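Below you will find one chain, with nothing else, as structure tokens; this is the form deposited in one PDB entry, and questions on how it binds or moves follow later.
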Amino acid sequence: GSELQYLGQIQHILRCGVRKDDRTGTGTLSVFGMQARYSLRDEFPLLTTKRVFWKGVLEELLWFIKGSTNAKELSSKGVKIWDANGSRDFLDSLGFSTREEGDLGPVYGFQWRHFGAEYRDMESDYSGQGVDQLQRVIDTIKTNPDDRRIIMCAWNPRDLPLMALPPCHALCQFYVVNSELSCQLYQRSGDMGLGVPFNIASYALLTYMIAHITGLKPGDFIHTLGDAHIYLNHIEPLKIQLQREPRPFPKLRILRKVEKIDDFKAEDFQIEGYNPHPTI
């Protein structure tokens, strides 16, 4: 069971994690180096022991694909998860006083579509600039599925300081065998309680999208974590969630045949049968 692996990681962190503070000084139980395999075969890994913000997962990814680094473009979709990091106070705390609100810097969207390009601002035109990693992985999957270099890297040391926040998802690698597309994510830091479930859904979704455009079947989503942690305040709540028997994962349905990654829209996706346990 995929979810069982996730809950297993949580148990392991409770049993073997050690105290480790984050940037704010808040404590967490932490374990370095973890890995879970989530099958994407005939099911979508949207955790059931606790509700995952699906609209956020979907809109954020379409926003990444779009190459946007403007939090306002995601906020207007009803997803505010990046608004704080693009706010005046936050951008100023980073020294980006002349940066317009919403300008997150060269984050995912930019890295994925224009890696290496000289970031100006969120409104700048980068067409033809940088390496379009996303389309490249798609091309490679179609032409040379055996390729062991189908990677999309968001971790750009040069652009790091310009980003409102360093990416938690440094890079992901795709793999194809027997008509199945698999994806492994290297997540440098994961909040098992709140972020990871969302993280998992995001990349499983990216895989489903690429598999659809490349005519492959979703295979496995391998979630690799660097600092896998649990905030101390989620220990008891998590001990409760761990008591809940996971439910069948929902299924993802793509309502139409999409040809290019850029053509996907929120409306083309439908999460069916998602029945998460009641909020804790």
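Under this definition, the rigid core comprises the largest set of C-alpha atoms superposing within 1.5 Å between the forms. All residue numbers are counted from 1 along the displayed sequence.
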Next on the checklist: Where both flanking residues are modelled in the other PDB entries compared, is residue 199 itself missing in a third or more?
Outcome noted: no
Item to check | residue 85 unmodelled in at least a third of other compared entries | outcome: yes
Checklist entry - Quick one: higher average CA temperature factor, 240 to 248 or 45 to 53? => result 240 to 248
Checklist entry - If you average the Cα B factors in the entry, which is higher, 86 to 94 or 101 to 109? => result 86 to 94
Checklist entry - Based on the PDB record, which member of 62, 36, 235, 31 exhibits the highest Cα temperature factor? => result 235
Item to check | Out of 184, 207, 187, 127, highest CA B-factor residue | outcome: 127
Checklist entry - Lowest, middle or highest third: where is residue 40 by C-alpha B factor in its chain? => result lowest
Item to check | residue 27 - Cα temperature factor, lowest/middle/highest third of chain | outcome: highest
Checklist entry - By its CA B factor, does residue 255 count among the lowest, middle or highest third of the modelled residues in the chain? => result highest
Next on the checklist: Ranking the modelled residues of this chain by C-alpha B-factor as given in the entry, is residue 165 in the lowest, middle or highest third?
Outcome noted: highest
Next on the checklist: Taking only the Cα B-factors deposited for this chain, tell me whether residue 131 sits in the lowest, middle or highest third.
Outcome noted: middle
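Only in words, not in the display: the form deposited in another entry, which the text now covers.
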Checklist entry - Which residue in 134, 210, 150, 163 stands out, with a C-alpha shift of 2 Å or more between this form and the one not shown when both forms are set on the rigid core? => result 163
Next on the checklist: Relative to the superposed rigid core, does residue 24 relocate between this form and the one not shown - that is, does its Cα move 2 Å or more?
Outcome noted: yes
Checklist entry - How does the C-alpha distance between residue 254 and residue 168 change in that other deposited form compared with the present structure, closer or farther, given a change of 3 angstroms or more? => result farther
Checklist entry - residue 113 to residue 163, Cα distance in that other deposited form relative to here: closer or farther, by 3 Å or more? => result farther
